[PDB]
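Next up: just one chain, as structure tokens, the form deposited in one PDB entry.
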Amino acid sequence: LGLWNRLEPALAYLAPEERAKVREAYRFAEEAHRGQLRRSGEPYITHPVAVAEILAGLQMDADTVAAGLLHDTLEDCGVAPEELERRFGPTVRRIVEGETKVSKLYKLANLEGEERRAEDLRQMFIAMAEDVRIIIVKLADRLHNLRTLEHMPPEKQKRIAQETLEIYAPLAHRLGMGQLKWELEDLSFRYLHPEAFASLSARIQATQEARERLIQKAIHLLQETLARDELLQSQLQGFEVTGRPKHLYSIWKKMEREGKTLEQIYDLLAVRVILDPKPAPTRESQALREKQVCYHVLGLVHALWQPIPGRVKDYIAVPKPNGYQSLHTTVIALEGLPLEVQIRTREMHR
């Protein structure tokens, strides 16, 4: 019964009329999946709710989160695509059919073992899904699927992990969805190489207590500094200051390719600043504000901690090929330690 009351808070960024479509979508799904269960014993509705929840975290188009609740209704529910277009419009229908159709299409596809196999399969999804939202929902689906992979046989656990590492994690990268790309990698690594994962995880959880003690000093300090700045706060609706989680798959990938141990690889401390700009009267007003507020923070970060020369990186002005936007700066803090600071808005956070 906890469902929806869990999701609703995450929908705060949507207009009332949009939230209204998402409640209608949830309720419809709730009905379609009535009596259905997951291989976890939970009612099926928990999965599309979790997928919708992921998309709302990613602050997606209303039609996209509604499609998140409806991405599995076209199978064993007695729902025809005509019903979804009739009730939730052609975009929600397009996306749900798109996400459903591809899963089967990948099952048919024969590139298993052939050199550069993933590349030609990734391009297959790219070439067919002109609306990326189809892919985003498929990623949100595979994410939640991997989160609940303990209720699956070790054959499926290894099959899913490899597929995510070959197909979906690189697709998450192409779309500039790093938060997803990271989670997908670390989760795939868990189930694909358990012995290697459990070894690396326990080696980090040995120094983790002391690391986040240090990281929290930086967080608290940078938080208070921003909150005390009157002019930044006037143009701001809210902000989050958080540590960057260790990319265990990226850590281990390097550790094998260029040799070395976890102790041999340098643990560069990082802190992220997510900024929620206050709603501006125009689309231009909001756009200029989005940049303005980020550079405002860069200044405050240098005023707080001594910047290391040449370590300022502007990806707002010059986005990465996959569209990545953020402001990077390496400073000295915590009594002489290098700390990386990533400044971005909520929109930039992917």
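Residue positions are given as counts along the sequence shown, with the first one as 1.
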Stretch with higher mean Cα temperature factor, 66-74 vs 31-39, is 31-39
Higher average CA B factor in the deposited record is what I'm after, so tell me if that's 199-207 or 132-140. 199-207
Among the choices 111, 172, 127, 80, identify the one whose CA B-factor in the record is greatest. 111
Would you mind finding, among 284, 53, 314, 61, the residue with the largest C-alpha temperature factor in the entry? 284
Ranking every modelled residue in this chain by its Cα temperature factor as given in the entry, which third contains residue 98? lowest
Taking the values exactly as deposited, rank residue 232 by C-alpha B-factor within its chain and report the matching third: lowest, middle or highest. highest
Would you mind checking where the Cα B-factor of residue 157 ranks among the modelled residues of its chain, as the lowest, middle or highest third? highest
Tertile call for residue 165 (CA temperature factor, within chain, third-based) is the lowest
Record-listed C-alpha B factor of residue 261: chain third: highest
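The next section is about a form of this same protein that is not shown, the form solved in complex with a small molecule.
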Please determine, with the chain shown alone, which of 202-210, 221-229, 124-132, 235-243 has non-hydrogen atoms within 4.5 Å of the small molecule in the deposited complex. 235-243
Answer key, the small molecule contact in the deposited complex at 4.5 Å (heavy atoms) among 158, 87, 174, 272: the residue is 272
Please identify the residue among 247, 193, 117, 101 with any heavy atom within 4.5 Å of the small molecule in the deposited complex. 247
Is the gap between residue 346 and the small molecule in the deposited complex 4.5 Å or less for some heavy atom pair? no
Choose the entry from 228, 244, 295, 313 that sits at the hinge of the motion between this form and the one not shown, where one rigid part turns relative to another. 244
Closer or farther: the C-alpha atoms of residue 330 and residue 252 in the deposited complex, versus the form shown, with a change of 3 angstroms or more? closer
Have a look at residue 252 and residue 333: in the deposited complex, are their Cα atoms closer together or farther apart than in this form, given the change is 3 Å or more? closer
